[PDB]
Structure formats: C-alpha cells, structure tokens
file my_file_24.tsv (TSV, C-alpha atoms and all ligand atoms)
chain	number	residue	atom	x	y	z
A	1	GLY	CA	-40.21	90.41	-28.01
A	2	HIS	CA	-43.76	91.77	-27.99
A	3	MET	CA	-46.00	92.11	-31.02
A	4	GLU	CA	-47.69	95.45	-31.67
A	5	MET	CA	-51.06	93.66	-31.56
A	6	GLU	CA	-50.12	92.34	-28.11
A	7	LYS	CA	-49.42	95.86	-26.86
A	8	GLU	CA	-52.71	97.08	-28.32
A	9	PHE	CA	-54.55	94.15	-26.72
A	10	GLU	CA	-53.15	94.99	-23.29
A	11	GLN	CA	-54.08	98.69	-23.59
A	12	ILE	CA	-57.65	97.85	-24.63
A	13	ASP	CA	-58.10	95.27	-21.86
A	14	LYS	CA	-56.67	97.71	-19.32
A	15	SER	CA	-58.97	100.58	-20.25
A	16	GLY	CA	-61.86	98.13	-20.59
A	17	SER	CA	-62.82	99.42	-24.01
A	18	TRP	CA	-63.62	96.39	-26.17
A	19	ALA	CA	-67.23	97.57	-26.59
A	20	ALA	CA	-66.13	101.00	-27.83
A	21	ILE	CA	-63.51	99.58	-30.21
A	22	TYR	CA	-66.03	97.09	-31.59
A	23	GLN	CA	-68.84	99.65	-31.97
A	24	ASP	CA	-66.51	101.94	-33.88
A	25	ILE	CA	-65.85	99.11	-36.32
A	26	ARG	CA	-69.63	98.73	-36.72
A	27	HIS	CA	-69.98	102.45	-37.39
A	28	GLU	CA	-67.21	102.45	-39.99
A	29	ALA	CA	-68.36	99.25	-41.71
A	30	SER	CA	-69.30	99.32	-45.41
A	31	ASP	CA	-72.93	99.73	-46.49
A	32	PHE	CA	-73.71	98.30	-49.94
A	33	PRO	CA	-77.05	97.41	-51.53
A	34	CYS	CA	-78.63	93.97	-51.14
A	35	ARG	CA	-81.40	94.47	-53.66
A	36	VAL	CA	-81.42	90.91	-55.02
A	37	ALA	CA	-81.60	89.44	-51.49
A	38	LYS	CA	-84.66	91.61	-50.83
A	39	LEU	CA	-86.66	90.62	-53.91
A	40	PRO	CA	-90.01	89.05	-52.98
A	41	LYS	CA	-89.14	85.81	-54.77
A	42	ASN	CA	-86.12	85.41	-52.49
A	43	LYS	CA	-87.89	85.93	-49.16
A	44	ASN	CA	-87.92	82.21	-48.36
A	45	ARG	CA	-84.23	81.80	-49.26
A	46	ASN	CA	-83.13	84.01	-46.36
A	47	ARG	CA	-82.86	82.65	-42.82
A	48	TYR	CA	-82.76	86.11	-41.23
A	49	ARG	CA	-84.60	89.17	-42.53
A	50	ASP	CA	-81.69	91.43	-41.64
A	51	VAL	CA	-78.74	89.32	-42.78
A	52	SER	CA	-78.22	89.68	-46.54
A	53	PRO	CA	-75.34	89.35	-49.00
A	54	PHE	CA	-74.32	92.55	-50.76
A	55	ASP	CA	-75.15	92.46	-54.46
A	56	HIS	CA	-71.54	93.07	-55.56
A	57	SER	CA	-70.08	90.11	-53.69
A	58	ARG	CA	-72.97	87.64	-53.68
A	59	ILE	CA	-72.44	84.12	-55.01
A	60	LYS	CA	-74.56	83.46	-58.08
A	61	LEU	CA	-75.95	79.99	-58.69
A	62	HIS	CA	-75.52	78.89	-62.32
A	63	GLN	CA	-79.21	78.39	-63.12
A	64	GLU	CA	-81.26	80.67	-65.38
A	65	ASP	CA	-84.25	80.14	-63.06
A	66	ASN	CA	-83.22	81.92	-59.87
A	67	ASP	CA	-79.53	82.47	-59.22
A	68	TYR	CA	-79.91	83.61	-55.60
A	69	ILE	CA	-78.32	82.15	-52.51
A	70	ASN	CA	-77.54	83.89	-49.22
A	71	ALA	CA	-73.77	83.59	-49.59
A	72	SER	CA	-70.89	86.03	-50.06
A	73	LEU	CA	-67.44	85.75	-51.64
A	74	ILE	CA	-64.98	87.27	-49.18
A	75	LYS	CA	-62.02	87.94	-51.47
A	76	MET	CA	-58.96	88.99	-49.49
A	77	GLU	CA	-56.67	90.45	-52.13
A	78	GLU	CA	-53.59	91.19	-50.02
A	79	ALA	CA	-53.75	87.84	-48.21
A	80	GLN	CA	-54.56	86.02	-51.48
A	81	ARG	CA	-57.16	83.80	-49.90
A	82	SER	CA	-60.89	83.65	-50.54
A	83	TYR	CA	-63.77	82.37	-48.40
A	84	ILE	CA	-67.44	81.91	-49.13
A	85	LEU	CA	-69.53	82.87	-46.13
A	86	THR	CA	-73.11	81.70	-46.05
A	87	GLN	CA	-76.07	81.14	-43.74
A	88	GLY	CA	-76.92	77.68	-42.45
A	89	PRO	CA	-78.97	76.34	-45.37
A	90	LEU	CA	-82.75	76.17	-45.00
A	91	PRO	CA	-84.87	73.07	-45.74
A	92	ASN	CA	-85.51	74.50	-49.23
A	93	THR	CA	-81.95	75.68	-49.97
A	94	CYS	CA	-79.86	72.58	-49.26
A	95	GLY	CA	-79.85	71.77	-52.98
A	96	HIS	CA	-78.68	75.35	-53.68
A	97	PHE	CA	-75.98	75.08	-51.04
A	98	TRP	CA	-74.49	71.91	-52.52
A	99	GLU	CA	-74.94	73.39	-55.98
A	100	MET	CA	-72.81	76.32	-54.86
A	101	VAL	CA	-70.16	73.97	-53.45
A	102	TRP	CA	-70.08	72.22	-56.79
A	103	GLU	CA	-69.97	75.23	-59.10
A	104	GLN	CA	-67.41	77.05	-56.95
A	105	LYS	CA	-65.20	73.92	-56.74
A	106	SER	CA	-64.91	74.11	-52.96
A	107	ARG	CA	-63.12	71.20	-51.29
A	108	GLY	CA	-63.99	72.06	-47.71
A	109	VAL	CA	-67.05	73.11	-45.76
A	110	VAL	CA	-66.60	74.62	-42.30
A	111	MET	CA	-69.59	74.51	-39.96
A	112	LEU	CA	-69.34	76.48	-36.74
A	113	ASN	CA	-72.80	75.86	-35.29
A	114	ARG	CA	-75.09	72.97	-34.33
A	115	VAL	CA	-78.35	72.17	-36.12
A	116	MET	CA	-80.23	72.87	-32.91
A	117	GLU	CA	-79.13	75.72	-30.68
A	118	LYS	CA	-81.13	77.19	-27.82
A	119	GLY	CA	-84.17	75.04	-28.56
A	120	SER	CA	-84.38	76.27	-32.15
A	121	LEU	CA	-83.35	75.04	-35.61
A	122	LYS	CA	-80.43	77.24	-36.67
A	123	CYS	CA	-79.47	75.09	-39.67
A	124	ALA	CA	-81.14	72.39	-41.76
A	125	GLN	CA	-79.71	68.88	-41.60
A	126	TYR	CA	-78.03	69.30	-44.99
A	127	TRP	CA	-75.62	66.30	-44.93
A	128	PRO	CA	-76.32	62.58	-44.38
A	129	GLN	CA	-75.73	61.21	-40.88
A	130	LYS	CA	-75.56	57.56	-41.94
A	131	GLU	CA	-73.55	56.01	-44.79
A	132	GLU	CA	-76.47	53.92	-46.01
A	133	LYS	CA	-78.87	56.91	-46.19
A	134	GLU	CA	-77.48	59.16	-48.91
A	135	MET	CA	-79.20	62.42	-49.90
A	136	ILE	CA	-80.46	63.23	-53.39
A	137	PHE	CA	-81.10	66.90	-54.14
A	138	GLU	CA	-83.64	66.65	-56.93
A	139	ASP	CA	-83.87	70.36	-57.65
A	140	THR	CA	-80.12	70.67	-58.39
A	141	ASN	CA	-79.41	67.08	-59.51
A	142	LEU	CA	-76.79	66.27	-56.88
A	143	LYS	CA	-76.13	63.19	-54.78
A	144	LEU	CA	-74.43	63.37	-51.38
A	145	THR	CA	-73.03	60.40	-49.45
A	146	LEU	CA	-71.38	60.12	-46.05
A	147	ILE	CA	-68.12	58.25	-46.59
A	148	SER	CA	-66.71	58.33	-43.05
A	149	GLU	CA	-66.41	60.57	-40.02
A	150	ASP	CA	-63.91	61.19	-37.25
A	151	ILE	CA	-65.63	62.38	-34.09
A	152	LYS	CA	-63.56	64.24	-31.48
A	153	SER	CA	-64.72	65.69	-28.15
A	154	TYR	CA	-65.67	69.09	-29.56
A	155	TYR	CA	-65.49	68.80	-33.36
A	156	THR	CA	-66.15	66.25	-36.08
A	157	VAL	CA	-64.47	65.80	-39.46
A	158	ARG	CA	-66.45	64.10	-42.22
A	159	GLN	CA	-65.59	62.80	-45.67
A	160	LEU	CA	-68.47	63.30	-48.07
A	161	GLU	CA	-68.86	62.33	-51.71
A	162	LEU	CA	-70.67	64.89	-53.84
A	163	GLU	CA	-71.86	63.66	-57.23
A	164	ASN	CA	-73.16	65.71	-60.12
A	165	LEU	CA	-75.88	63.36	-61.35
A	166	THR	CA	-75.83	65.11	-64.73
A	167	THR	CA	-72.22	64.24	-65.57
A	168	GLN	CA	-71.68	61.47	-62.98
A	169	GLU	CA	-68.55	63.32	-61.89
A	170	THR	CA	-67.82	62.88	-58.17
A	171	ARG	CA	-65.82	64.91	-55.67
A	172	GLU	CA	-64.58	64.43	-52.13
A	173	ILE	CA	-65.81	67.18	-49.82
A	174	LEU	CA	-64.37	67.56	-46.32
A	175	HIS	CA	-66.77	68.74	-43.58
A	176	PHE	CA	-65.21	70.37	-40.51
A	177	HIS	CA	-67.85	70.69	-37.85
A	178	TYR	CA	-67.13	72.71	-34.71
A	179	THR	CA	-69.82	71.50	-32.32
A	180	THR	CA	-69.16	73.49	-29.12
A	181	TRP	CA	-69.10	77.14	-30.22
A	182	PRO	CA	-72.16	78.92	-28.75
A	183	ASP	CA	-73.99	81.50	-30.87
A	184	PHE	CA	-72.88	85.01	-29.86
A	185	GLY	CA	-70.17	83.22	-27.88
A	186	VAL	CA	-66.50	82.31	-28.14
A	187	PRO	CA	-64.57	79.04	-28.33
A	188	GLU	CA	-63.50	77.46	-25.04
A	189	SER	CA	-59.93	78.69	-25.56
A	190	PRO	CA	-57.57	79.95	-28.24
A	191	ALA	CA	-56.09	76.44	-28.12
A	192	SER	CA	-59.35	74.67	-29.03
A	193	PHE	CA	-60.04	77.16	-31.77
A	194	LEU	CA	-56.55	77.00	-33.27
A	195	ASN	CA	-56.41	73.21	-33.05
A	196	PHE	CA	-59.57	73.18	-35.18
A	197	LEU	CA	-58.38	75.87	-37.62
A	198	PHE	CA	-55.13	74.04	-38.17
A	199	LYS	CA	-57.08	70.85	-38.80
A	200	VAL	CA	-58.86	72.73	-41.61
A	201	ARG	CA	-55.54	74.08	-42.87
A	202	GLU	CA	-53.78	70.72	-42.81
A	203	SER	CA	-56.42	69.11	-45.03
A	204	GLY	CA	-55.44	71.24	-48.01
A	205	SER	CA	-58.97	72.70	-48.15
A	206	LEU	CA	-57.67	76.29	-48.11
A	207	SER	CA	-55.27	75.76	-51.03
A	208	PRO	CA	-55.58	78.27	-53.89
A	209	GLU	CA	-55.73	75.23	-56.22
A	210	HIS	CA	-59.25	74.70	-54.87
A	211	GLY	CA	-62.33	76.91	-54.91
A	212	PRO	CA	-62.96	79.02	-51.78
A	213	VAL	CA	-63.71	77.08	-48.60
A	214	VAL	CA	-67.36	77.43	-47.61
A	215	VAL	CA	-67.79	78.76	-44.06
A	216	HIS	CA	-71.09	79.01	-42.24
A	217	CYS	CA	-72.70	79.21	-38.85
A	218	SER	CA	-76.38	80.09	-38.53
A	219	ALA	CA	-76.36	83.62	-39.98
A	220	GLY	CA	-72.90	83.21	-41.53
A	221	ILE	CA	-71.48	86.35	-39.94
A	222	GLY	CA	-70.65	85.95	-36.20
A	223	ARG	CA	-68.66	82.77	-35.61
A	224	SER	CA	-67.99	82.63	-39.37
A	225	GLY	CA	-66.47	86.11	-39.32
A	226	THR	CA	-64.35	85.19	-36.32
A	227	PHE	CA	-62.98	82.07	-38.05
A	228	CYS	CA	-62.07	83.94	-41.23
A	229	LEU	CA	-60.60	87.00	-39.51
A	230	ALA	CA	-58.24	84.78	-37.47
A	231	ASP	CA	-57.19	82.73	-40.48
A	232	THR	CA	-56.59	85.74	-42.72
A	233	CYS	CA	-54.57	87.56	-40.08
A	234	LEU	CA	-52.41	84.50	-39.49
A	235	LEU	CA	-51.94	84.14	-43.26
A	236	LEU	CA	-50.94	87.79	-43.69
A	237	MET	CA	-48.46	87.42	-40.87
A	238	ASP	CA	-47.24	84.24	-42.51
A	239	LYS	CA	-46.65	85.75	-45.98
A	240	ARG	CA	-44.51	88.50	-44.56
A	241	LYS	CA	-43.15	86.55	-41.56
A	242	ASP	CA	-43.85	89.81	-39.73
A	243	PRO	CA	-46.57	89.90	-37.08
A	244	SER	CA	-46.36	93.65	-36.59
A	245	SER	CA	-47.48	94.29	-40.17
A	246	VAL	CA	-50.95	92.94	-39.34
A	247	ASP	CA	-53.73	95.39	-38.41
A	248	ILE	CA	-56.58	93.18	-37.20
A	249	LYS	CA	-59.25	95.93	-37.10
A	250	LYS	CA	-58.26	97.01	-40.61
A	251	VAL	CA	-58.47	93.42	-41.85
A	252	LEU	CA	-61.93	93.08	-40.29
A	253	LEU	CA	-63.09	96.28	-41.97
A	254	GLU	CA	-61.77	94.99	-45.29
A	255	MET	CA	-63.70	91.72	-44.81
A	256	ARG	CA	-66.87	93.70	-44.04
A	257	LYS	CA	-66.68	95.22	-47.52
A	258	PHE	CA	-67.78	91.76	-48.78
A	259	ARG	CA	-70.41	90.74	-46.20
A	260	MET	CA	-72.18	92.64	-43.42
A	261	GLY	CA	-71.95	92.06	-39.68
A	262	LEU	CA	-68.82	89.92	-39.65
A	263	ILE	CA	-68.03	89.35	-35.93
A	264	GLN	CA	-71.13	89.85	-33.84
A	265	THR	CA	-69.89	90.76	-30.32
A	266	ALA	CA	-67.01	92.66	-28.71
A	267	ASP	CA	-65.83	89.44	-27.06
A	268	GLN	CA	-65.61	87.66	-30.40
A	269	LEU	CA	-63.40	90.53	-31.53
A	270	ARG	CA	-61.37	90.17	-28.34
A	271	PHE	CA	-61.15	86.42	-28.92
A	272	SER	CA	-59.95	87.03	-32.49
A	273	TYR	CA	-57.01	88.96	-31.06
A	274	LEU	CA	-56.27	86.12	-28.64
A	275	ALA	CA	-56.33	83.51	-31.41
A	276	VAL	CA	-54.09	85.53	-33.71
A	277	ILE	CA	-51.62	86.41	-30.96
A	278	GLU	CA	-51.36	82.77	-29.87
A	279	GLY	CA	-51.26	81.44	-33.43
A	280	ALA	CA	-48.39	83.81	-34.20
A	281	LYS	CA	-46.20	81.47	-32.12
A	282	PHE	CA	-46.57	78.71	-34.70
A	283	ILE	CA	-46.27	81.07	-37.69
A	284	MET	CA	-42.97	82.46	-36.44
A	285	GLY	CA	-41.41	79.00	-35.97
A	286	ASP	CA	-42.46	77.51	-32.63
A	287	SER	CA	-43.52	74.26	-34.26
A	288	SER	CA	-44.11	72.46	-30.93
A	289	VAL	CA	-47.00	74.78	-29.99
A	290	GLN	CA	-49.36	72.83	-32.29
A	291	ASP	CA	-49.05	69.77	-30.03
A	292	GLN	CA	-49.68	71.92	-26.96
A	293	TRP	CA	-52.96	73.15	-28.53
A	294	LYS	CA	-53.95	69.58	-29.30
A	295	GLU	CA	-53.40	68.55	-25.68
A	296	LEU	CA	-55.03	71.69	-24.23
A	297	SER	CA	-58.09	71.28	-26.47
A	298	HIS	CA	-58.77	67.82	-25.03
A	299	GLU	CA	-60.05	66.55	-28.39
A	300	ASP	CA	-60.02	62.98	-27.00
A	401	LIG	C1	-77.81	92.54	-38.38
A	401	LIG	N1	-78.78	91.86	-37.59
A	401	LIG	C2	-78.62	90.51	-37.17
A	401	LIG	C3	-77.46	90.12	-36.53
A	401	LIG	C4	-77.30	88.81	-36.11
A	401	LIG	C5	-78.30	87.87	-36.32
A	401	LIG	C6	-78.04	86.48	-35.81
A	401	LIG	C7	-79.09	85.66	-35.41
A	401	LIG	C8	-78.80	84.40	-34.92
A	401	LIG	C9	-77.49	83.95	-34.81
A	401	LIG	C10	-77.24	82.56	-34.27
A	401	LIG	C11	-76.43	84.77	-35.21
A	401	LIG	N2	-75.05	84.39	-35.12
A	401	LIG	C12	-74.11	84.83	-33.82
A	401	LIG	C13	-72.92	84.18	-33.89
A	401	LIG	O1	-72.05	84.21	-33.06
A	401	LIG	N3	-72.85	83.40	-35.20
A	401	LIG	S1	-74.28	83.68	-36.02
A	401	LIG	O2	-74.91	82.44	-36.44
A	401	LIG	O3	-73.94	84.47	-37.17
A	401	LIG	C14	-76.73	86.04	-35.70
A	401	LIG	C15	-79.48	88.25	-36.94
A	401	LIG	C16	-79.64	89.57	-37.36
A	402	CL	CL	-75.47	69.46	-35.23
A	403	CL	CL	-81.01	73.31	-27.30
A	404	CL	CL	-83.56	75.08	-40.78
A	405	MG	MG	-74.11	53.01	-39.26
call {"tool": "encode", "arguments": {"input": "my_file_24.tsv", "output": "structure tokens", "more": "lines below"}}
Ligand SMILES: CNc1ccc(-c2ccc(C)c(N3CC(=O)NS3(=O)=O)c2)cc1
Ligand SMILES: [Cl-]
Ligand SMILES: [Cl-]
Ligand SMILES: [Cl-]
Ligand SMILES: [Mg+2]
result
Amino acid sequence: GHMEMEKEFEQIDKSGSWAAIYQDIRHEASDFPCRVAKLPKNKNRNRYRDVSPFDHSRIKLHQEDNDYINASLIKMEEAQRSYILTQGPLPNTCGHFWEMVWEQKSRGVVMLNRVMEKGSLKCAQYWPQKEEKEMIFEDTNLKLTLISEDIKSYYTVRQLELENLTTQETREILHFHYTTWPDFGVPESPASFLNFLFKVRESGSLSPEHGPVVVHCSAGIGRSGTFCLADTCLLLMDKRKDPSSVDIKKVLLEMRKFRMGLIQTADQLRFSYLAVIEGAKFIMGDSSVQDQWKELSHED
C-alpha cells in the first residue's frame, strides 16, 4: 500500500516546495493575545522577547504572588492527549518550572536541547547532576534529587525524586534528555527520533492517568513542536488504525492554536512527515521495526 501522507510527501519533495508549504502554515497560524507574558513584572521570566504563551492556554502557577510561567497547555481534543510546552527554564524560574511539574502532576519531562548550544546558555541547569548534590528550590519549597541515570550515545534517561517540602509528599519524575538535536535542526534520522519517542512512550509518562508530559527545548517551540506533532499524529493514526485519516498540516495548525511558532523550519516540518510515515509501520502492526530503530540509532 501507500499512505496518503506518503503520496503528499513525494509530491512536495518532487516540486521542491517545503518552504512554501511551511510558510503557508505560518501565515494561517492562530494569533491570540499574550498580554500577561508582556507585563513588565514578567519581563525576566521570558527567555525570548518574541516567544510568549497565549493567555488562553498559558499554565498558571498556583501562587497568589505571580502566577506566570512561559508555558502552554497543548490540549489535543481529538487525539485525547495533552502536552505542556515550555521554554528552557531561566536561573530565576527553575523553582517555577518544578512547581508547574508538581501542580500539573506531570510524570515525565522531555528535554530536546543541551544547556549550552552554540557557545550560549539556552537552558539553566535545572536538575542535579550528582546524587549527593540535591537541589532545594526555596522560592517554591521543593526538593529535587537525582536518583539514577541511564546514559546512551545520544540521549539520557534520568530518575528524579521531586519532594513538596510543605507536605513531604514525594514523586518520581522521569527526565528524557535528547542531547544531539541541534537548534533549528533535525534529528540524525527518523530512527533515532522514533527510538527516543518510543522510550518516552514506554515509560508510561504519556498516560492520561498522569498530568501532561512537560516538553521543552530552548524556546519550547521548534524541536518541542516537532516532538509533539509526531507523537500526536502517530496517536491519531493509532486510535483509528487508519493512517490516511491523519492530516499532518491540519494537526500542526491545531497545535498552533495553543502555542505560537510550533515547528521552526521547513526541514523540521519535512522531518515530522518522515517520522510519522516511518512510525506508521509500528502502529499498523510491524512490531519488529522498533528493534530496527534501536539498532539504527546506535544508542550504544
Ligand atoms: C518568533 N520568533 C522567534 C522564533 C524562534 C526563536 C528561537 C531562538 C532560539 C532557539 C534555540 C529556538 N529554537 C529552534 C529549535 O529548533 N528549537 S527552539 O529552542 O525552539 C528558537 C526566537 C524567536
Ligand atoms: Cl546539557
Ligand atoms: Cl557550544
Ligand atoms: Cl539560562
Ligand atoms: Mg557520583
């Protein structure tokens, strides 16, 4: 057979029109107000002047003081999966970030960037790197401990313990850290990307019994958007067991109702197609393809 998205992909490649297709998505994308993000008191809570959560979908912190964090709830109604997309936390918003994880009952955090990229700090060091050096976030009364980590060639999975120091309740948070995805770039292959995505899936972190997974890169729109678009499209395909009922551009436009700028280049859009098309093999019952991805990704 041949999926409709596969036929579309070939036509676009052939005519060399990924830029045009992508720019049309940008032109059609939703425009909603971000008035809270732009308040003077929130200036230092934003990593990028021009990347803001819409008011209607922003995550509110549960604190009468200042409830603002640069984070958006991407609620995919048809797919029945939610994601929280957020910027890489700043030195002064790491407490807020873990506060959000707590209040939203997230089980998993997906990090698609490195702390330093291109000679610059794209994300604060918001988790402990050594077991014996735990982090206390005094402003939000949270304690964070590294429990263990499994380092692979291009991604790292960490077990963290998050403790609400007010109630002494503790939770296991899983950290899935993709370390080789360049900003404004694409993963090395669909295989490496899907191997990682399926690692996130297998952990149970995307279960509806949990809060939304937290997904971030530096701005929380480029690589983050790519990750979520692929996952949602595979999920939609999965629910219906029908790949040809999935309209990737339409899904992306729906996601952009909840946060601006999701997917930052034409090639990331192109890569999203590649990931979904390849991932469809597993969804539709080629169970052995997951091992192929593992081998091809060279995680060892
Ligand atoms: C709307 N204007 C705008 C767009 C993008 C950015 C921006 C800056 C730096 C970075 C690393 C990224 N990212 C590209 C990627 O692939 N992921 S990202 O971190 O979101 C985006 C800033 C402002
Ligand atoms: Cl890093
Ligand atoms: Cl560097
Ligand atoms: Cl930083
Ligand atoms: Mg040690």
call {"tool": "closest_residue", "arguments": {"input": "my_file_24.tsv", "among": "A:170, A:264, A:82, A:140", "to": "residue A:65", "atoms": "all atoms listed in the file"}}
result
A:140
call {"tool": "atom_distance", "arguments": {"input": "my_file_24.tsv", "atom1": "atom CA of residue A:105", "atom2": "atom CA of residue A:167"}}
result
14.9 Å
call {"tool": "residues_near_ligand", "arguments": {"input": "my_file_24.tsv", "ligand": "ligand LIG 401 (chain A)", "cutoff": "8 Å", "atoms": "all atoms listed in the file", "output": "ChimeraX atom specification"}}
result
/A:48-51,87-88,112-113,117,122,182-186,216-225,260-265,268
call {"tool": "closest_atom_pairs", "arguments": {"input": "my_file_24.tsv", "of": "chain A", "to": "ligand CL 403 (chain A)", "cutoff": "6 Å", "atoms": "all atoms listed in the file", "output": "Markdown table"}}
result
| residue | atom | partner | partner_atom | distance |
| --- | --- | --- | --- | --- |
| A:116 | CA | A:CL403 | CL | 5.7 |
| A:117 | CA | A:CL403 | CL | 4.6 |
| A:118 | CA | A:CL403 | CL | 3.9 |
| A:119 | CA | A:CL403 | CL | 3.8 |
call {"tool": "atom_distance", "arguments": {"input": "my_file_24.tsv", "atom1": "atom CA of residue A:169", "atom2": "atom CA of residue A:71"}}
result
24.3 Å
call {"tool": "residues_near_ligand", "arguments": {"input": "my_file_24.tsv", "ligand": "ligand MG 405 (chain A)", "cutoff": "8 Å", "atoms": "all atoms listed in the file", "output": "JSON, numbers by chain"}}
result
{"A": [130, 131, 132]}
call {"tool": "closest_residue", "arguments": {"input": "my_file_24.tsv", "among": "A:283, A:10, A:115, A:91", "to": "residue A:47", "atoms": "all atoms listed in the file"}}
result
A:91
call {"tool": "residues_around", "arguments": {"input": "my_file_24.tsv", "residues": "residue A:275", "least_positions_apart": "2", "cutoff": "10 Å", "atoms": "only C-alpha atoms", "output": "number ranges by chain"}}
result
A: 187, 189-194, 226-227, 229-231, 233-234, 269-273, 277-280
